[PDB]
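Enquirer: I am sharing start_18.pdb, which consists of PDB, C-alpha atoms (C1' of nucleotides):
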```
ATOM      1  CA  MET A   1       0.000   0.000   0.000
ATOM      2  CA  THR A   2       1.438   3.373  -1.161
ATOM      3  CA  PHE A   3       3.906   5.720   0.463
ATOM      4  CA  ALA A   4       3.037   7.246   3.825
ATOM      5  CA  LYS A   5       4.758   9.126   6.628
ATOM      6  CA  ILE A   6       3.442   9.255  10.198
ATOM      7  CA  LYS A   7       4.622  11.867  12.672
ATOM      8  CA  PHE A   8       4.423  11.284  16.449
ATOM      9  CA  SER A   9       4.202  14.807  17.836
ATOM     10  CA  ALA A  10       4.756  15.055  21.590
ATOM     11  CA  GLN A  11       5.900  17.432  24.329
ATOM     12  CA  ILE A  12       8.651  16.074  26.590
ATOM     13  CA  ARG A  13       8.136  17.619  30.035
ATOM     14  CA  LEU A  14      11.009  16.991  32.454
ATOM     15  CA  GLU A  15       9.724  15.956  35.869
ATOM     16  CA  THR A  16      13.323  15.800  37.141
ATOM     17  CA  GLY A  17      16.452  17.676  36.053
ATOM     18  CA  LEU A  18      17.853  16.398  32.774
ATOM     19  CA  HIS A  19      21.597  15.994  32.240
ATOM     20  CA  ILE A  20      22.085  14.850  28.630
ATOM     21  CA  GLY A  21      25.387  16.687  28.851
ATOM     22  CA  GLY A  22      28.157  16.579  26.322
ATOM     23  CA  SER A  23      29.969  19.892  26.570
ATOM     24  CA  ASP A  24      32.449  19.980  23.681
ATOM     25  CA  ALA A  25      33.034  23.477  22.248
ATOM     26  CA  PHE A  26      30.282  25.948  23.223
ATOM     27  CA  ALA A  27      28.882  24.264  26.328
ATOM     28  CA  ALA A  28      32.503  23.381  27.259
ATOM     29  CA  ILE A  29      32.762  26.881  28.744
ATOM     30  CA  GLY A  30      30.131  26.295  31.390
ATOM     31  CA  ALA A  31      32.351  26.378  34.499
ATOM     32  CA  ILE A  32      30.335  23.521  36.020
ATOM     33  CA  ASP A  33      32.513  20.414  35.228
ATOM     34  CA  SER A  34      29.416  18.795  33.623
ATOM     35  CA  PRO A  35      27.472  21.214  31.381
ATOM     36  CA  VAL A  36      24.294  20.123  29.637
ATOM     37  CA  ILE A  37      24.306  20.204  25.834
ATOM     38  CA  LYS A  38      22.949  23.551  24.681
ATOM     39  CA  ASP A  39      22.003  25.316  21.496
ATOM     40  CA  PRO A  40      25.037  27.155  20.067
ATOM     41  CA  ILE A  41      22.963  30.228  19.302
ATOM     42  CA  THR A  42      20.346  30.736  21.984
ATOM     43  CA  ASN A  43      22.211  28.753  24.723
ATOM     44  CA  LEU A  44      19.019  26.735  25.286
ATOM     45  CA  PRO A  45      18.977  23.146  26.618
ATOM     46  CA  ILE A  46      18.458  20.587  23.862
ATOM     47  CA  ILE A  47      17.599  16.891  23.838
ATOM     48  CA  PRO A  48      19.410  15.572  20.732
ATOM     49  CA  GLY A  49      17.654  12.934  18.666
ATOM     50  CA  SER A  50      20.607  10.596  19.089
ATOM     51  CA  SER A  51      19.890  10.357  22.823
ATOM     52  CA  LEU A  52      16.234   9.475  22.232
ATOM     53  CA  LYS A  53      17.097   6.967  19.491
ATOM     54  CA  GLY A  54      19.817   5.265  21.527
ATOM     55  CA  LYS A  55      17.783   5.075  24.718
ATOM     56  CA  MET A  56      14.705   3.745  22.874
ATOM     57  CA  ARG A  57      16.781   1.117  21.058
ATOM     58  CA  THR A  58      18.509  -0.024  24.263
ATOM     59  CA  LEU A  59      15.144  -0.186  26.053
ATOM     60  CA  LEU A  60      13.419  -2.173  23.295
ATOM     61  CA  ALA A  61      16.451  -4.474  23.175
ATOM     62  CA  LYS A  62      15.224  -5.909  26.467
ATOM     63  CA  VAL A  63      11.734  -6.699  25.151
ATOM     64  CA  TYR A  64      11.855  -7.449  21.410
ATOM     65  CA  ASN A  65      15.136  -9.322  21.247
ATOM     66  CA  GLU A  66      14.707 -13.071  21.718
ATOM     67  CA  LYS A  67      18.455 -13.696  21.370
ATOM     68  CA  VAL A  68      21.037 -11.823  23.431
ATOM     69  CA  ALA A  69      22.160  -8.605  21.656
ATOM     70  CA  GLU A  70      25.922  -8.809  21.894
ATOM     71  CA  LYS A  71      26.174  -5.899  19.423
ATOM     72  CA  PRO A  72      23.625  -3.451  17.955
ATOM     73  CA  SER A  73      24.406  -4.966  14.559
ATOM     74  CA  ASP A  74      23.099  -8.307  15.889
ATOM     75  CA  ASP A  75      19.757  -6.831  16.962
ATOM     76  CA  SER A  76      16.471  -8.541  16.179
ATOM     77  CA  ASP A  77      14.748  -7.957  12.834
ATOM     78  CA  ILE A  78      12.066  -5.751  14.407
ATOM     79  CA  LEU A  79      14.544  -3.394  15.994
ATOM     80  CA  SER A  80      16.894  -3.323  13.021
ATOM     81  CA  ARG A  81      14.050  -2.586  10.588
ATOM     82  CA  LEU A  82      13.123   0.565  12.536
ATOM     83  CA  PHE A  83      16.386   1.895  13.985
ATOM     84  CA  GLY A  84      18.478   0.655  11.058
ATOM     85  CA  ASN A  85      21.406  -1.724  10.765
ATOM     86  CA  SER A  86      24.646  -1.105   8.883
ATOM     87  CA  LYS A  87      25.382  -4.766   8.161
ATOM     88  CA  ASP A  88      22.380  -6.173   6.301
ATOM     89  CA  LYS A  89      20.660  -5.830   2.933
ATOM     90  CA  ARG A  90      17.054  -4.888   3.661
ATOM     91  CA  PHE A  91      17.591  -3.047   6.946
ATOM     92  CA  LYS A  92      20.445  -0.719   5.948
ATOM     93  CA  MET A  93      18.320   2.378   6.556
ATOM     94  CA  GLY A  94      15.684   2.383   9.257
ATOM     95  CA  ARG A  95      12.087   3.536   9.178
ATOM     96  CA  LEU A  96      12.474   5.951  12.120
ATOM     97  CA  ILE A  97      13.623   9.527  11.496
ATOM     98  CA  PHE A  98      14.233  11.142  14.901
ATOM     99  CA  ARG A  99      14.438  14.888  15.389
ATOM    100  CA  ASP A 100      16.149  17.015  18.001
ATOM    101  CA  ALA A 101      14.140  18.551  20.822
ATOM    102  CA  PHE A 102      14.116  22.301  21.481
ATOM    103  CA  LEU A 103      12.733  24.287  24.399
ATOM    104  CA  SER A 104       9.191  25.450  23.726
ATOM    105  CA  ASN A 105       8.061  26.990  27.037
ATOM    106  CA  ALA A 106      10.909  29.486  27.472
ATOM    107  CA  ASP A 107       8.342  32.297  27.628
ATOM    108  CA  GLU A 108       6.355  30.327  30.206
ATOM    109  CA  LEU A 109       9.535  29.842  32.258
ATOM    110  CA  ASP A 110      10.154  33.604  32.105
TER     111      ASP A 110
ATOM    112  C1'   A B   1      21.271   4.838  -5.123
ATOM    113  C1'   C B   2      22.673  11.722  -0.054
ATOM    114  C1'   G B   3      31.326  11.191   2.490
ATOM    115  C1'   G B   4      26.434   7.956   3.180
ATOM    116  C1'   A B   5      24.551   3.297   7.164
ATOM    117  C1'   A B   6      24.924   1.614  12.343
ATOM    118  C1'   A B   7      26.866   4.643  17.828
ATOM    119  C1'   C B   8      22.750   7.134  24.769
ATOM    120  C1'   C B   9      28.639  11.853  26.626
ATOM    121  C1'   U B  10      26.879   6.591  29.514
ATOM    122  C1'   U B  11      28.715   3.690  34.073
ATOM    123  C1'   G B  12      29.097   4.292  39.695
ATOM    124  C1'   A B  13      29.535   8.859  44.252
ATOM    125  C1'   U B  14      24.770  10.854  51.011
ATOM    126  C1'   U B  15      26.767  18.686  50.536
ATOM    127  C1'   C B  16      28.637  14.684  54.852
ATOM    128  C1'   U B  17      31.592  14.857  59.979
ATOM    129  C1'   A B  18      31.798  17.916  65.402
ATOM    130  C1'   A B  19      28.603  21.777  68.132
ATOM    131  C1'   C B  20      23.574  22.714  74.917
ATOM    132  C1'   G B  21      20.159  29.272  72.204
ATOM    133  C1'   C B  22      24.023  29.356  76.924
ATOM    134  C1'   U B  23      25.579  32.937  81.073
ATOM    135  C1'   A B  24      24.275  36.142  86.213
ATOM    136  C1'   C B  25      18.709  37.989  87.988
ATOM    137  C1'   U B  26      13.455  36.948  95.037
ATOM    138  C1'   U B  27       7.422  40.130  90.595
ATOM    139  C1'   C B  28       9.792  43.464  94.235
ATOM    140  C1'   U B  29      10.680  48.660  97.193
ATOM    141  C1'   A B  30       8.582  53.171  99.617
ATOM    142  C1'   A B  31       3.689  54.630 104.227
ATOM    143  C1'   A B  32       5.032  60.652 105.129
ATOM    144  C1'   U B  33       1.498  64.254 107.075
ATOM    145  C1'   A B  34      -3.114  64.948 109.089
ATOM    146  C1'   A B  35      -7.267  62.944 111.984
TER     147        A B  35
END
```
For this file, produce the structure as structure tokens.

Expert:
Amino acid sequence: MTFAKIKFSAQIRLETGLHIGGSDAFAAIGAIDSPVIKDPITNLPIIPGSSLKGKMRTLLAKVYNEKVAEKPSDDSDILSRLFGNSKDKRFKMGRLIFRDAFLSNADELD
RNA sequence: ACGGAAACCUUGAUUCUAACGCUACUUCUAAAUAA
């Protein structure tokens, strides 16, 4: 059945302080010894899509993986057909296109 | 037939140890002068 794209819009609301971290160049000057990853322009906390993708894959590896996942390349067909898999024919590119997460209630916080 | 595909800046770690809201202190003194 023909092409389709389905978008799962949501609003992540931190109930506890988030520490994705990863200060490299801009956030590296944070003077905190563990700065959260920020936007280079607006200096706003950001949840990168890699964090969501990795955490979701590692969490679903405990439910939808009948064999033990020694490596992410050896993941089950279901996980590798969504998150992708570099070492197979059909599952080279996954069906999940994650996006970064930007602050949306900055005005509310003010 | 995108210098592209797969990658959690993650793992553990008590803003914790010691420290008298304490010291002296009678709810008490004075009764004049007139009758």

Enquirer: List, as a short mmCIF file (atom, residue, chain, number, x, y, z; two decimals) with C-alpha atoms, in the coordinates of the input, every residue that the PyMOL selection byres ((chain A) within 10 of (chain B)) selects in the file provided.

Expert:
```
data_model
loop_
_atom_site.label_atom_id
_atom_site.label_comp_id
_atom_site.auth_asym_id
_atom_site.auth_seq_id
_atom_site.Cartn_x
_atom_site.Cartn_y
_atom_site.Cartn_z
CA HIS A 19 21.60 15.99 32.24
CA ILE A 20 22.08 14.85 28.63
CA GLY A 21 25.39 16.69 28.85
CA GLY A 22 28.16 16.58 26.32
CA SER A 23 29.97 19.89 26.57
CA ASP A 24 32.45 19.98 23.68
CA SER A 34 29.42 18.80 33.62
CA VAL A 36 24.29 20.12 29.64
CA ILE A 37 24.31 20.20 25.83
CA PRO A 48 19.41 15.57 20.73
CA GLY A 49 17.65 12.93 18.67
CA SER A 50 20.61 10.60 19.09
CA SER A 51 19.89 10.36 22.82
CA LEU A 52 16.23 9.48 22.23
CA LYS A 53 17.10 6.97 19.49
CA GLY A 54 19.82 5.26 21.53
CA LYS A 55 17.78 5.08 24.72
CA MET A 56 14.70 3.74 22.87
CA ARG A 57 16.78 1.12 21.06
CA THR A 58 18.51 -0.02 24.26
CA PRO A 72 23.62 -3.45 17.95
CA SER A 73 24.41 -4.97 14.56
CA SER A 80 16.89 -3.32 13.02
CA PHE A 83 16.39 1.90 13.98
CA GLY A 84 18.48 0.66 11.06
CA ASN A 85 21.41 -1.72 10.76
CA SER A 86 24.65 -1.10 8.88
CA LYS A 87 25.38 -4.77 8.16
CA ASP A 88 22.38 -6.17 6.30
CA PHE A 91 17.59 -3.05 6.95
CA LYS A 92 20.44 -0.72 5.95
CA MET A 93 18.32 2.38 6.56
CA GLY A 94 15.68 2.38 9.26
#
```

Enquirer: What does the distance between atom CA of residue A:41 and atom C1' of residue B:2 come to in Å, to one decimal place?

Expert: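 Taking atom CA of residue A:41 as the start and atom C1' of residue B:2 as the end point, the length is 26.8 Å.
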
Enquirer: Would you work out the distance separating atom CA of residue A:28 from atom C1' of residue B:15, expressed in Å to one decimal?

Expert: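 Between atom CA of residue A:28 and atom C1' of residue B:15 the gap works out to 24.4 Å.
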
Enquirer: To one decimal in Å, tell me the separation between atom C1' of residue B:17 and atom CA of residue A:31.

Expert: 28.0 Å

Enquirer: Step by step, work through what the PyMOL selection byres ((chain A and resi 42) around 12) selects in the shown file, and finish by giving those residues as a ChimeraX atom specification.

Expert: /A:26-27,37-41,43-46,102-103,106

Enquirer: Do you know which residues are at most 12 Å from residue A:10 counting all atoms listed in the file, after dropping those on the same chain fewer than 6 positions away, and could you put them as a PDB file with C-alpha atoms, in the coordinates of the input?

Expert:
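And here is the file that came out, around.pdb:
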```pdb
ATOM      1  CA  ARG A  99      14.438  14.888  15.389  1.00  0.00           C
ATOM      2  CA  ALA A 101      14.140  18.551  20.822  1.00  0.00           C
ATOM      3  CA  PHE A 102      14.116  22.301  21.481  1.00  0.00           C
ATOM      4  CA  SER A 104       9.191  25.450  23.726  1.00  0.00           C
TER       5      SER A 104
END
```
